[PDB]
file data.txt (compact mmCIF, C-alpha atoms (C1' of nucleotides))
# COMPACT_ATOMS: atom_id res chain seq x y z
CA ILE F 457 -32.05 -110.95 -24.35
CA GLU F 458 -35.03 -113.10 -23.31
CA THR F 459 -36.13 -110.62 -20.62
CA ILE F 460 -35.66 -107.69 -23.02
CA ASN F 461 -37.79 -109.45 -25.66
CA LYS F 462 -40.48 -110.25 -23.07
CA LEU F 463 -40.57 -106.63 -21.86
CA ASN F 464 -40.70 -105.41 -25.48
CA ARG F 465 -43.67 -107.68 -26.25
CA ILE F 466 -45.46 -106.62 -23.04
CA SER F 467 -44.77 -102.95 -23.82
CA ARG F 468 -46.06 -103.39 -27.39
CA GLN F 469 -49.23 -105.12 -26.15
CA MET F 470 -49.72 -102.40 -23.52
CA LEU F 471 -49.28 -99.61 -26.09
CA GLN F 472 -51.74 -101.45 -28.34
CA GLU F 473 -54.38 -101.87 -25.62
CA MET F 474 -54.05 -98.56 -23.75
CA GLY F 475 -52.92 -96.25 -26.56
CA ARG F 476 -50.10 -94.29 -24.88
CA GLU F 477 -46.47 -94.77 -23.79
CA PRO F 478 -45.51 -97.94 -21.86
CA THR F 479 -45.00 -96.55 -18.36
CA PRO F 480 -42.91 -99.10 -16.40
CA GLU F 481 -44.99 -98.85 -13.20
CA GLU F 482 -47.76 -100.95 -14.76
CA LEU F 483 -45.11 -103.41 -16.00
CA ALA F 484 -43.76 -103.69 -12.44
CA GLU F 485 -47.29 -104.19 -11.07
CA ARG F 486 -48.04 -106.83 -13.72
CA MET F 487 -44.83 -108.90 -13.88
CA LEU F 488 -44.24 -108.51 -10.07
CA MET F 489 -40.71 -107.15 -10.72
CA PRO F 490 -39.06 -104.31 -8.77
CA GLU F 491 -39.00 -100.92 -10.45
CA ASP F 492 -35.22 -100.41 -10.23
CA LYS F 493 -34.67 -103.69 -12.10
CA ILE F 494 -36.97 -102.45 -14.88
CA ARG F 495 -35.01 -99.18 -14.96
CA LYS F 496 -31.74 -101.13 -15.20
CA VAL F 497 -32.99 -103.37 -18.03
CA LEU F 498 -34.38 -100.35 -19.92
CA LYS F 499 -31.09 -98.47 -19.37
CA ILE F 500 -28.64 -101.20 -20.44
CA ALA F 501 -30.41 -102.10 -23.70
CA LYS F 502 -29.12 -99.61 -26.29
CA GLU F 503 -27.30 -100.05 -29.59
CA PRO F 504 -23.99 -98.14 -29.93
CA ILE F 505 -23.44 -95.42 -32.53
CA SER F 506 -20.95 -95.77 -35.40
CA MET F 507 -17.79 -93.68 -35.83
CA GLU F 508 -18.78 -91.86 -39.02
CA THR F 509 -22.44 -90.65 -38.65
CA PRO F 510 -22.87 -88.13 -41.53
CA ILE F 511 -24.60 -85.09 -40.04
CA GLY F 512 -24.42 -82.33 -42.64
CA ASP F 513 -24.96 -82.35 -46.38
CA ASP F 514 -21.32 -81.62 -47.22
CA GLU F 515 -18.46 -84.09 -46.76
CA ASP F 516 -16.77 -82.04 -44.05
CA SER F 517 -18.85 -82.70 -40.91
CA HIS F 518 -18.14 -86.20 -39.61
CA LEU F 519 -16.82 -87.58 -36.32
CA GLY F 520 -13.34 -87.23 -34.92
CA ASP F 521 -14.76 -83.94 -33.66
CA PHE F 522 -16.60 -82.84 -30.44
CA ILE F 523 -15.18 -85.98 -28.74
CA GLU F 524 -12.11 -85.46 -26.57
CA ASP F 525 -9.75 -87.80 -24.73
CA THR F 526 -9.47 -87.15 -20.99
CA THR F 527 -6.26 -89.15 -20.45
CA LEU F 528 -4.04 -86.37 -21.81
CA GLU F 529 -3.99 -83.91 -18.92
CA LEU F 530 -3.26 -80.20 -18.82
CA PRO F 531 0.26 -78.77 -19.36
CA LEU F 532 -0.39 -76.26 -16.57
CA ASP F 533 -0.83 -79.08 -14.03
CA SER F 534 2.44 -80.65 -15.22
CA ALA F 535 4.13 -77.25 -14.87
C1' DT E 1 -0.19 -112.46 -89.41
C1' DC E 2 -2.50 -107.29 -87.13
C1' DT E 3 -5.73 -102.18 -85.40
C1' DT E 4 -10.91 -100.89 -83.75
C1' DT E 5 -15.57 -102.00 -80.62
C1' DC E 6 -16.76 -103.49 -76.61
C1' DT E 7 -15.88 -104.78 -70.26
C1' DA E 8 -14.08 -102.49 -65.64
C1' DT E 9 -10.78 -99.14 -61.84
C1' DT E 10 -8.45 -94.47 -60.85
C1' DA E 11 -9.62 -89.19 -60.93
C1' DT E 12 -10.84 -82.86 -58.35
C1' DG E 13 -9.19 -78.52 -53.09
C1' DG E 14 -9.65 -77.28 -48.40
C1' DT E 15 -9.77 -74.00 -46.10
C1' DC E 16 -13.87 -70.13 -42.94
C1' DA E 17 -17.47 -73.91 -40.37
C1' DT E 18 -22.98 -75.31 -39.27
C1' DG E 19 -27.07 -78.32 -35.88
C1' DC E 20 -30.28 -82.78 -33.18
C1' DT E 21 -29.42 -88.48 -32.86
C1' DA E 22 -32.42 -93.59 -33.60
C1' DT E 23 -34.21 -97.07 -37.21
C1' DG E 24 -39.80 -102.87 -36.92
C1' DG E 25 -38.78 -107.94 -33.47
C1' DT E 26 -38.43 -112.99 -32.94
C1' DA E 27 -39.36 -119.57 -26.48
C1' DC E 28 -38.98 -121.53 -22.41
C1' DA E 29 -37.27 -125.76 -18.63
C1' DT E 30 -33.51 -128.08 -15.24
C1' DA E 31 -28.47 -127.17 -14.13
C1' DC E 32 -24.40 -126.49 -11.29
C1' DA E 33 -20.86 -123.41 -9.87
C1' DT E 34 -18.18 -118.68 -10.04
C1' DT E 35 -18.56 -114.30 -7.74
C1' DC E 36 -20.15 -110.32 -4.57
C1' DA E 37 -21.28 -109.19 0.24
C1' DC E 38 -21.30 -109.52 4.97
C1' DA E 39 -19.99 -112.13 10.16
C1' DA E 40 -15.59 -112.71 13.31
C1' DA E 41 -10.60 -113.14 14.66
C1' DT E 42 -5.21 -112.22 14.04
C1' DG E 43 -1.57 -109.43 13.78
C1' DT E 44 1.34 -105.88 14.02
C1' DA E 45 0.16 -100.92 14.94
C1' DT E 46 -0.05 -96.46 16.78
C1' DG E 47 0.14 -93.23 21.13
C1' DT E 48 0.58 -92.54 26.58
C1' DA E 49 4.15 -92.94 30.59
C1' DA E 50 9.29 -93.12 32.82
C1' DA E 51 14.83 -93.34 33.33
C1' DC E 52 19.99 -91.59 31.95
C1' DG E 53 23.17 -88.19 29.76
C1' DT E 54 24.83 -84.17 27.98
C1' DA E 55 23.16 -80.85 24.34
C1' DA E 56 25.44 -77.56 28.39
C1' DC E 57 25.59 -72.31 31.14
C1' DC E 58 26.11 -68.80 34.36
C1' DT E 59 29.16 -67.74 38.34
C1' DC E 60 33.91 -66.43 40.26
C1' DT E 61 38.90 -66.30 41.06
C1' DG E 62 43.62 -66.16 39.00
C1' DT E 63 47.09 -65.08 35.02
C1' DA E 64 48.36 -61.70 31.53
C1' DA E 65 48.85 -57.49 28.43
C1' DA E 66 47.65 -52.70 27.86
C1' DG E 67 46.64 -47.64 28.60
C1' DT E 68 48.93 -44.13 32.25
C1' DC E 69 51.99 -41.82 35.72
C1' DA E 70 56.15 -41.77 40.15
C1' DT E 71 61.27 -40.75 39.19
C1' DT E 72 65.62 -38.15 36.93
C1' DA E 73 68.13 -35.56 33.99
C1' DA E 74 68.88 -33.52 28.66
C1' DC E 75 68.53 -29.86 26.54
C1' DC E 76 67.22 -24.97 26.38
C1' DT E 77 65.08 -20.29 26.98
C1' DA E 78 67.33 -17.16 30.14
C1' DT E 79 71.52 -14.24 32.79
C1' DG E 80 76.61 -12.25 32.89
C1' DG E 81 81.14 -11.62 30.55
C1' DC E 82 84.54 -11.17 26.92
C1' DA E 83 86.07 -11.17 21.78
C1' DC E 84 84.62 -9.18 17.02
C1' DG E 85 83.72 -6.79 13.13
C1' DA E 86 81.66 -2.60 11.38
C1' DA E 87 81.54 2.54 11.16
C1' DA E 88 83.40 6.84 11.78
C1' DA E 89 87.43 10.00 13.11
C1' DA E 90 92.32 10.99 12.01
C1' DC E 91 96.39 11.88 9.37
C1' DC E 92 99.68 11.14 5.44
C1' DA E 93 100.95 11.03 0.33
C1' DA E 94 100.51 13.22 -4.15

call {"tool": "encode", "arguments": {"input": "data.txt", "output": "structure tokens"}}
result
Amino acid sequence: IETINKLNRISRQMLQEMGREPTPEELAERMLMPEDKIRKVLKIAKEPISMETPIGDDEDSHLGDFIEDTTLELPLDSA
DNA sequence: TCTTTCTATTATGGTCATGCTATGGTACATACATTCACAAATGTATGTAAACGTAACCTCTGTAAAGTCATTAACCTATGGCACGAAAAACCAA
């Protein structure tokens, strides 16, 4: 959490000074960190999505749809 | 001793189904050990030879049962010879 907050403050200061997106190559050149570590820290940090997420205007389109369970295998393979 | 005027939860359907997914940040300094990841050695492992025995297995001579053909004589068409029963001639009675 400390490293994520430090990289967020450095990215905010870099977007304030430069004026474009915080490309991680300049962060790796500044904080002397390897680039794959910066990719890993930027990839892990993400908040999960809730199980309802109202998409449409009507109360018919919610979750419990488009998500499948891969444990239940095919009946043809069992046959 | 008793009926109205207010303060809060339930309720009305789903079937035919839709697209594109995140939204603002807010400190570091010692610390000691659990865990991942490689060196190097054990141990049982697998795959290459070599010996015995019978899975046998064809080859050949002897015993045995089955088609056929030597006898020999039983019956059977022939031949000769003698009864036999039919067909015609004869003669008698009415």

call {"tool": "interface_residues", "arguments": {"input": "data.txt", "of": "chain F", "to": "chain E", "cutoff": "9 Å", "atoms": "all atoms listed in the file", "output": "list in words"}}
result
residues 458, 461, 464, 465, 511, 512, 516 and 517 of chain F

call {"tool": "closest_residue", "arguments": {"input": "data.txt", "among": "F:471, F:535, F:463, F:505", "to": "residue 484 of chain F", "atoms": "all atoms listed in the file"}}
result
F:463

call {"tool": "atom_distance", "arguments": {"input": "data.txt", "atom1": "atom CA of residue 459 of chain F", "atom2": "atom CA of residue 497 of chain F"}}
result
8.3 Å

call {"tool": "atom_distance", "arguments": {"input": "data.txt", "atom1": "atom CA of residue 480 of chain F", "atom2": "atom CA of residue 501 of chain F"}}
result
14.8 Å
